[PDB]
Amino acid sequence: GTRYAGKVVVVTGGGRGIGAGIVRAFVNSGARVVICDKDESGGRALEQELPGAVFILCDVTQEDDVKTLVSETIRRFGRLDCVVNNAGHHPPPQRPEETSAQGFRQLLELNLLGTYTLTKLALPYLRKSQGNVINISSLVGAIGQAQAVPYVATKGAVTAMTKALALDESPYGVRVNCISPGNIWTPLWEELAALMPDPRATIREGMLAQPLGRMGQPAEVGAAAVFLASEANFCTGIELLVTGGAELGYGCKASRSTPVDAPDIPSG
């Protein structure tokens, strides 16, 4: 592959799940990939497996880690063409009264402000390279999700901030886009399902949520990212849905504790 040959790419949270999918997709396209992750285990494993992937330990909520990540990427590689803000977390299901403003704040540090800080520090270099930014939002930013008020809020923020940055940076030719994956089968998905009374039933409901009848794969988000960076030169501020059609058509939305009348009083 040569669609992104020699470009320098930073992927946050690139050590597993969707981030690793994106890392492999960019390596496959010929890029130099800086894996940024707070966990050294998965990243150093990719670094050793994929030459041209390199691991730099970095928590994106720690402003110094991000300055050092950026500082090292330029020092080590002389340029920066693409930033894929992927580091993010989804808490276990929580009703609104089970969330705290403190938890919300911590989650904004990761999902939103981490994405913002790396982008701020990266923009002077992306301007020189006429690079682009890719943020990994989520479909629930667009249509909501049950028991995930903080998470949904951070993803609504990422998608909107992507459009704001696209306007601020178009005078420099720097594109700024986001991918909104639906249900992607990842360790995070697996870890969350394992907290449920019936994990496999929960995973099954995850697959049935798509007209296509399955969850997506990290590789498929990785292809979407490589397309945005390498072949979508007239795309900026877009929200690319990788969702298997989950947002389409009617479905079972009234919840298992939601009072529903019998079908003889259909409209109350």
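Residue numbers run from 1 along the displayed sequence.
For residue 257, does the count of other compared entries lacking it reach at least a third?
Counting only entries that model residues on both sides, residue 257 is unresolved in at least a third of them.
Mean C-alpha B-factor higher for 132 to 140, or for 70 to 78?
Here the higher of the two C-alpha B-factor means belongs to 70 to 78.
Would 61 to 69 or 201 to 209 have the larger average of its C-alpha temperature factors, as given in the entry?
Going by the record's values, the stretch with the higher mean is 61 to 69.
When the CA B-factors of 160, 153, 196, 184 are compared as recorded in the entry, which is the largest?
Highest CA B-factor of the listed options: 196.
From the list 221, 232, 240, 34, select the residue with the highest C-alpha B factor recorded in the entry.
The listed residue with the largest C-alpha B-factor is 34.
Give the position of residue 48 by CA B-factor within its chain, expressed as the lowest, middle or highest third.
According to the entry, residue 48 has a C-alpha B-factor in the chain's highest third.
Sorting the chain's CA B-factors, does residue 215 end up in the lowest, middle or highest third?
Middle third of the chain for residue 215's C-alpha B-factor.
Split the chain's modelled residues into thirds by Cα B-factor; is residue 102 in the lowest, middle or highest one?
Top third by C-alpha B-factor.
Considering only modelled residues of the same chain, in which third does the CA B-factor of residue 89 rank: lowest, middle or highest?
Answer is highest: the recorded C-alpha B-factor places it there.
Going by what the PDB entry lists, where does residue 21 fall on CA B-factor within its chain: lowest, middle or highest third?
Middle third - that is where residue 21 ends up once the chain's C-alpha B-factors are sorted.
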